[PDB]
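All heavy atoms count here, side chains included; hydrogens, waters and symmetry mates do not. Chain naming here is simple, since letters A, B, ... match the order of the sequence lines and numbering starts at 1 in each.
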Amino acid sequence: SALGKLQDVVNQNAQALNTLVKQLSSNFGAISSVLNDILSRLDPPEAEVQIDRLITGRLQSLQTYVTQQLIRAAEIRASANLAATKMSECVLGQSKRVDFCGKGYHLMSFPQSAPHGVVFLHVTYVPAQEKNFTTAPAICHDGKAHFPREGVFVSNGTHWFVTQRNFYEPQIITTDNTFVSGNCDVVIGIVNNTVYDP
Amino acid sequence: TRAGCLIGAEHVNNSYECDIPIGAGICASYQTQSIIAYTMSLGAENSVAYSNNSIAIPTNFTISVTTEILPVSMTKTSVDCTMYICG
Amino acid sequence: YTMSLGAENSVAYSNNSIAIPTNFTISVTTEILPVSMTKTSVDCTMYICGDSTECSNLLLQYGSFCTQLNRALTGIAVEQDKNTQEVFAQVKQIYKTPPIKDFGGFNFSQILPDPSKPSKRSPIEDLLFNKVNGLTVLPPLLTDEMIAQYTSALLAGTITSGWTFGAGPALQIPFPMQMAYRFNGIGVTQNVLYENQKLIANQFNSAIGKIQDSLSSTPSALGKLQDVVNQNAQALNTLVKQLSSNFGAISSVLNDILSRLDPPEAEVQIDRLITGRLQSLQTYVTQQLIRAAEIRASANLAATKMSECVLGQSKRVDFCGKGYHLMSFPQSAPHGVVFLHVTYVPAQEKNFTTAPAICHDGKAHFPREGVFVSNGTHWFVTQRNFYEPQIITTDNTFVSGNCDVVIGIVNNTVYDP
Amino acid sequence: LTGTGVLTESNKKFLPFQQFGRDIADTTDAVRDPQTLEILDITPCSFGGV
Ligand SMILES: *[C@@H]1O[C@H](CO)[C@@H](O[C@@H]2O[C@H](CO)[C@@H](O)[C@H](O)[C@H]2NC(C)=O)[C@H](O)[C@H]1NC(C)=O
Ligand SMILES: *[C@@H]1O[C@H](CO)[C@@H](O[C@@H]2O[C@H](CO)[C@@H](O)[C@H](O)[C@H]2NC(C)=O)[C@H](O)[C@H]1NC(C)=O
Ligand SMILES: *[C@@H]1O[C@H](CO)[C@@H](O[C@@H]2O[C@H](CO)[C@@H](O)[C@H](O)[C@H]2NC(C)=O)[C@H](O)[C@H]1NC(C)=O
Ligand SMILES: *[C@@H]1O[C@H](CO)[C@@H](O[C@@H]2O[C@H](CO)[C@@H](O)[C@H](O)[C@H]2NC(C)=O)[C@H](O)[C@H]1NC(C)=O
Ligand SMILES: *[C@@H]1O[C@H](CO)[C@@H](O[C@@H]2O[C@H](CO)[C@@H](O)[C@H](O)[C@H]2NC(C)=O)[C@H](O)[C@H]1NC(C)=O
Ligand SMILES: *[C@@H]1O[C@H](CO)[C@@H](O[C@@H]2O[C@H](CO)[C@@H](O)[C@H](O)[C@H]2NC(C)=O)[C@H](O)[C@H]1NC(C)=O
Ligand SMILES: *[C@@H]1O[C@H](CO)[C@@H](O)[C@H](O)[C@H]1NC(C)=O
Ligand SMILES: *[C@@H]1O[C@H](CO)[C@@H](O)[C@H](O)[C@H]1NC(C)=O
Ligand SMILES: *[C@@H]1O[C@H](CO)[C@@H](O)[C@H](O)[C@H]1NC(C)=O
Ligand SMILES: *[C@@H]1O[C@H](CO)[C@@H](O)[C@H](O)[C@H]1NC(C)=O
Ligand SMILES: *[C@@H]1O[C@H](CO)[C@@H](O)[C@H](O)[C@H]1NC(C)=O
Ligand SMILES: *[C@@H]1O[C@H](CO)[C@@H](O)[C@H](O)[C@H]1NC(C)=O
C-alpha cells in the first residue's frame with residue numbers, strides 16, 4: 001500500500017477507460033447498442049433516428065471522459081510541479097522549509113525512479129536525547145551584559161556553559177563565545193558568572 | 001451516531017487512534033474479539049516542562065530516512081472519436 | 001475617475017547614504033484560507049427519477065453515467081477530510097500550556113482556549129466561528145472541537161518549545177529566548193529583544209487585541225470562507241431547482257406524465273426529463289470537481305503555511321505576512337484556518353552616511369556583519385536592521401586587500417582591543 | 001398535491017387562503033389538511049447509503 005499514491009493514478013485511469021468502453025454497450029434510448037443492428041432492422045428515415053440517439057449518448061460519454069481527464073490532468077500536473085520543486089530544493093540543494101523535504105532538519109535527498117512518478121528519499125537530522133538544563137539570557141560579569149555569540153547559555157546546577165542550540169556540547173564561557181551590549185540592570189533574568197578572557 | 005446508525009459494533013468509552021473512520025469523531029476497529037466503535041483521540045497528551053529558566057537540549061541525534069511518493073504523469077491515452085462513436 | 005496606484009515616494013538615493021531604522025514595531029496580520037467545503041452527496045437515480053420505476057428503468061439505458069457522477073462526488077467528499085488532516089494534523093502529540101503562564105509578559109490568552117466556556121475555542125476563534133431530491137450532507141471526520149484541539153496543541157507547542165516540536169521531540173525553551181532566536185533569525189541581534197523585552201511584549205499584546213477588533217468590526221473580514229459556503233449553497237439550490245424545468249417535456253413532474261400519457265408516449269416525455277436532469281447533474285458535478293481543485297490548492301497552501309509559518313520561521317518574503325516573519329499562530333475557523341502572522345517591521349529610520357570599507361594602516365576593513373555608518377563626525381559599525389552604533393574594531397571588521405581597489409573607501413581608525 | 005414522505009403535525013401558521021407551502025428550493029414542505037384545515041409538515045422518507 002506504500003506506493004498507493006502511484007497505483008491510485010493507474011487505477012483511476014484504468015477505470016475511466018473501462019467505463020468508456022462499456023458505454024458502447026448502452027442503448028441510450030435507441031432500439032439497440034449496435035449500429036449494424038439498426039441499419040439491418042429499420043428503413044433509413046427511422047434508422048437515422050435511432051443512430052442519432054446512439055451518437056448523442058456516445059458523444060456525451062466520450063465528452064464526459066475527456067472532461068474528467070482534463071480535471072485529473074490538472075491534479076497530476078500540480079503534483080508534478082511539486083515534484084519538480086522538490087527535486088530542485090531537496091535534491092539539488094538543502095532546504096530550510098519545514099516539512100518540505102521530510103520531517104526533521106533536512107540534510108539531503110536522493111530521487112528514485114518509479115512507474116509514472118518519482119520517489120524521494122529524504123535524509124534528515126533528528127534530535128534524539130534531550131536533557132533539562134537551567135538557562136539565562138545573559139551573563140553579568142563586570143556590570144556588562146554578555147550574550148551568546150551563536151549558542152545558548154546553560155547550567156548543569158553548578159557551572160555555566162555556552163553551547164550550540166541543536167546539540168549539547170558545553171564550552172567555557174569566554175569573551176570569544178559572547179558579545180557585550182548594555183548592562184546588568186537592563187536584562188531580565190540575567191545571572192552572575194565569570195567570563196573567561198584568553 | 002451523527003454519521004448514521006451503526007449496527008454490529010460495540011460502543012466503548014475508550015478512545016484510541018483512528019483506524020476505520022465513520023465520521024463526526026467516530027472511528028471503528030477490530031479489538032480483543034469484535035468490532036468496536038469509539039470517539040477517536042487525536043494523539044497522546046504531552047505536557048512540556050516549561051518554565052522561565054529551563055531549556056531542553058539534545059545530547060544525541062539520529063539520522064532518519066523517510067520516503068515521499070509523488071505522481072508525475074498519466075497514461076497518454078488518445079481517442080479517435082469517429083471510430084469510437086461510429087466505427 | 002482614473003484610479004491611483006498609490007502615493008509616490010521618492011527615495012533619497014545617493015552613492016554614500018543609507019537609512020537605518022532606530023526603532024521597530026510588532027505587527028500582527030490575519031490571513032484566512034479555505035481548507036474544506038461541505039461534503040455534499042447526490043444520489044443520481046433519486047435526483048433524476050425519484051421513486052418512479054418507469055423512469056428508473058429508462059435511466060438504466062444510459063449505462064454508467066450515474067455511477068460516474070456518484071463516484072465523482074464521493075471522491076470529493078473523501079478529499080475534504082484529507083484536506084483537513086493535511087492542514088491541522090501536523091502534530092504528533094497534544095501539547096498543553098502550563099496553568100501558570102509565565103511567558104515573560106507575552107499575553108496569549110486571546111489565542112489559547114478559553115477554559116471558562118463549554119467550548120474549547122479561544123476568544124478569537126469564537127469570533128471567527130460566530131459570524132461564519134437524493135441530496136444528503138455528510139459530516140466531517142474531524143469535528144470543530146477536534147480541530148480546535150489540534151490548533152491548541154500547535155499553539156502550546158510553539159509557545160513552550162518553539163519550532164523544535166515540529167522537527168523532533170518538543171524541547172522546552174523560555175518564551176523570551178524563543179523570541180530572541182526569532183529576532184536573530186531575521187538579522188536582529190538577541191540583545192535588541194532583551195533590552196526592549198517590555199516594549200516588545202506590549203506591542204505584541206496590543207497587536208493581538210487589535211485582531212479581535214478588526215474581526216469584530218469588519219463584516220468582510222472572513223469573506224474568503226463565506227464565499228465558499230455561498231458558492232456551494234447556490235450550486236445546490238440551482239441544482240434542485242432544475243427539477244422544476246420541463247426541458248421541452250409536457251411537464252416537469254414525472255407523475256403528471258405517467259398519469260396523463262399512454263406508456264409509449266409517456267416514455268418520450270420522460271426521456272426529455274432524464275436528459276435534462278442528467279445534464280444538469282453533470283453540470284453540478286463538473287463544477288464541484290473544479291471547485292474541489294481550488295479548495296485543495298488552498299488547503300495545500302494552508303498546510304504549507306502551517307509547516308513553514310507555525311512550525312518554523314520563514315525566510316520567504318510575504319509568505320507569512322508583510323514584514324520580517326517572527327512566528328505564527330493558527331486559529332480554527334469554519335471550513336478553514338486563520339493564521340495570525342507576527343512580523344517585525346522597521347519603524348523609525350534615520351539618514352546616515354556610509355562607506356564600503358574603512359582604510360586604516362593602508363589596509364581595507366569590511367564589517368564582519370553590519371554596515372559602516374557616519375553621524376557626520378564619527379564612524380561606527382552597526383547591525384543592518386536596527387540602529388545600534390559600535391566602535392569600529394578589529395573584532396567587528398575583517399581585513400582584505402589594500403585601500404587602492406575599493407571605490408568609496410574612507411579613512412578612519414580601526415581600534416585594536 | 002402528490003409525493004411521498006412522512007407527515008407530522010406542524011407548528012406553522014398558514015394564511016386562511018394558503019393550501020400548501022414551499023422551501024427556498026421551490027419544493028413542498030407543508031400541506032393543509034382539506035377536511036381538518038390543520039397544517040402538517042412533510043419530511044423526506046428516510047434514505048441514505050449503507
Ligand atoms: C558541571 O560541569 C563541571 C565541569 O565538567 C563539573 O565539574 C568537574 O567534575 C569532574 C568530576 O566529574 C572533576 O573531575 C572536575 O575537576 C570538575 N571541574 C571543575 C571545574 O570543577 C561539575 O561537577 C558539573 N556539575 C554538575 C551538577 O553536574
Ligand atoms: C551580581 O553581583 C553584584 C555585585 O557586583 C550584586 O549587586 C548587589 O545587589 C544587591 C541588591 O540590590 C545589593 O544589596 C548589594 O549591595 C549589591 N552588591 C554590591 C557589591 O554592590 C548583584 O546582586 C549580583 N546579582 C546576582 C543575580 O547575584
Ligand atoms: C491578558 O489579556 C486579557 C485581555 O484580553 C486580560 O484580561 C482582562 O483583565 C482585566 C483586569 O485588568 C479585566 O477588567 C478584563 O475584563 C479582562 N478581559 C478579559 C477578556 O478577560 C488578562 O488579565 C491578561 N493577562 C495577563 C497575565 O496580563
Ligand atoms: C519606539 O516606539 C515605541 C512605540 O511603538 C515607543 O514607545 C511609546 O512611547 C510613548 C512616549 O513617546 C508612550 O506614550 C507609549 O505608551 C509607548 N508605547 C509602548 C508600547 O511602550 C518607544 O519609546 C520608541 N523608542 C525609541 C527609542 O524611539
Ligand atoms: C557622533 O557620535 C559621537 C559619539 O557619541 C558624538 O561625540 C560625543 O558627544 C558627547 C555629547 O553628546 C560627548 O560627551 C562625548 O565625549 C563625544 N565623544 C567623542 C568621541 O567625541 C558626536 O557628537 C556625534 N556627532 C554628531 C554629528 O552627532
Ligand atoms: C588616507 O590617508 C592616506 C595617508 O595615510 C592618504 O594618502 C595620500 O594620497 C594622495 C593621493 O590621493 C597622495 O598625494 C598623498 O601624498 C598621500 N599621503 C601620504 C601621507 O602618503 C589618502 O589619500 C587618505 N584617503 C582619504 C580618502 O582621505
Ligand atoms: C524535564 O523535567 C521534567 C520535570 O519537570 C521531567 O518530567 C522531564 O522528563 C525532563 N526532561 C528531560 C528531557 O529529561
Ligand atoms: C522566574 O519564575 C520564578 C517563579 O517560579 C520567579 O520567582 C522569578 O523571579 C522569575 N524570573 C524571571 C527572570 O522571570
Ligand atoms: C460511559 O460512561 C457512562 C458514565 O459516565 C456510562 O453511563 C456509559 O454506559 C458508559 N458507556 C460505555 C460504552 O462504556
Ligand atoms: C534623508 O534626506 C532627504 C533629503 O535629501 C529627505 O527627503 C529624507 O526624508 C531623509 N530621510 C530620513 C529618514 O531622514
Ligand atoms: C559619489 O557621488 C558624487 C556626486 O554626487 C561624486 O562627486 C563622488 O565622487 C562619488 N563617489 C565616488 C566614490 O565615486
Ligand atoms: C369535516 O367533516 C366532519 C364531519 O365528518 C365535521 O365534523 C368537521 O367539523 C368538518 N371539518 C371542518 C373544518 O368543518
Side-chain angles (χ1 to χ4, degrees), chain A residues 136-149 151-153 160-165 169-184 186-187 190 193-198, chain C residues 15-22 180-181 183-195 350-417:
Chain A
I139 272 72
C140 184
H141 183 65
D142 291 319
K144 294 177 179 179
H146 294 254
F147 298 88
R149 191 178 299 283
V152 60
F153 290 132
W160 287 90
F161 305 95
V162 57
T163 192
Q164 66 185 299
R165 295 178 186 99
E169 185 171 75
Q171 298 180 323
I172 298 300
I173 299 169
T174 75
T175 58
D176 293 332
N177 293 326
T178 67
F179 67 91
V180 176
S181 181
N183 64 63
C184 296
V186 177
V187 176
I190 195 167
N193 206 54
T194 299
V195 179
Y196 175 78
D197 183 337
Chain C
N15 49 341
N16 62 347
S17 181
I18 188 165
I20 302 170
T22 69
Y181 295 177
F183 270 48
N184 196 71
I186 60 166
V188 178
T189 54
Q190 291 176 83
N191 61 293
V192 173
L193 180 139
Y194 293 119
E195 292 174 15
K350 301 289 182 184
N351 280 349
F352 298 97
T353 297
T354 188
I358 300 299
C359 185
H360 184 65
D361 290 328
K363 302 179 287 193
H365 295 257
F366 301 88
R368 290 176 189 276
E369 61 182 0
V371 61
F372 292 126
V373 298
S374 166
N375 72 358
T377 63
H378 292 79
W379 287 89
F380 304 95
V381 57
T382 191
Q383 67 189 316
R384 295 182 181 101
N385 296 292
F386 187 79
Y387 183 64
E388 182 174 330
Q390 303 293 342
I391 299 300
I392 299 169
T393 77
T394 60
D395 292 333
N396 293 327
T397 68
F398 65 91
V399 60
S400 176
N402 64 36
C403 296
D404 296 310
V405 299
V406 178
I407 296 95
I409 193 166
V410 301
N411 282 16
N412 209 71
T413 298
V414 179
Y415 174 80
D416 183 339

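Between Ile139(A) and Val162(A), the closest side-chain pair of non-hydrogen atoms is not below 4.5 Å. For the pair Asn402(C) and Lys363(C), the minimum side-chain heavy-atom distance is 4.5 Å or more.
Taking all atoms of both residues into account, the shortest heavy-atom contact from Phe386(C) to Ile20(C) is C-CG2, 3.9 Å. Here the closest non-hydrogen pair linking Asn191(C) and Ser181(A) is ND2-OG, 2.8 Å. The shortest heavy-atom contact between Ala355(C) and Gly408(C) is CB-O, 3.9 Å. Across every non-hydrogen atom of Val187(A) and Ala138(A), the tightest pair is CG1-CB, 4.2 Å. Looking at every heavy atom in both residues, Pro21(C) comes nearest to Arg384(C) through CD-O, 4.4 Å. Between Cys403(C) and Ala364(C), the shortest heavy-atom distance links the atoms SG-N, 4.0 Å.
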Original post:
Does the side-chain contact (heavy atoms from CB on, under 4.5 Å) test come out yes or no for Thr413(C) and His360(C), once each step is laid out?
Top reply: CA-CA 6 Å; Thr413(C) 298; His360(C) 184 65; 4.2 Å; yes
Original post:
side chain to side chain donor-acceptor pair (under 3.5 Å) between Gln383(C) and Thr189(C): does it pass, once the steps are laid out?
Top reply: CA-CA 8 Å; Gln383(C) 67 189 316; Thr189(C) 54; 2.9 Å; yes
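Between the side chains of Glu369(C) and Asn396(C), not a single donor N or O lies within less than 3.5 Å of an accepting N or O. A donor and an acceptor atom, one from each side chain of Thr163(A) and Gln171(A), are nowhere located under 3.5 Å apart.
In this structure, the side chain of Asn375(C) engages the main chain of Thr377(C) through a donor-acceptor pair within 3.5 Å. The closest donor-acceptor contact from the side chain of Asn385(C) to the backbone of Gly187(C) lies under 3.5 Å. In this structure, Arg368(C) contributes its side chain and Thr394(C) its backbone to a donor-acceptor pair below 3.5 Å.
Here the CG-SG distance, from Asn193(A) to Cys140(A), works out to 10.0 Å after rounding to the nearest 0.5 Å. Here the CD1 atom belonging to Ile18(C) is positioned 5.0 Å from the OG1 atom belonging to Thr354(C), to the nearest 0.5 angstrom. The distance from atom CG of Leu193(C) to atom CD of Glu195(C), rounded to the nearest 0.5 Å, is 10.0 Å. Atom CG of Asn184(C) is separated from atom CD of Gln190(C) by 5.0 Å, given to the nearest 0.5 angstrom. Separation of atoms OH (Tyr415(C)) and OG1 (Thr397(C)) is listed at 13.5 Å; rounding is to 0.5 Å. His365(C) contributes atom NE2, which lies 10.5 Å from atom CZ of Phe398(C) (distance to the nearest 0.5 angstrom).
Between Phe372(C) and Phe366(C), a ring centre-to-centre spacing not shorter than 6.0 Å is recorded.
Checked options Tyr387(C), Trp379(C), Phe380(C); the residue passing with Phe352(C) is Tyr387(C) (criterion: ring-ring contact (aromatic ring centres under 6.0 Å, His included)).
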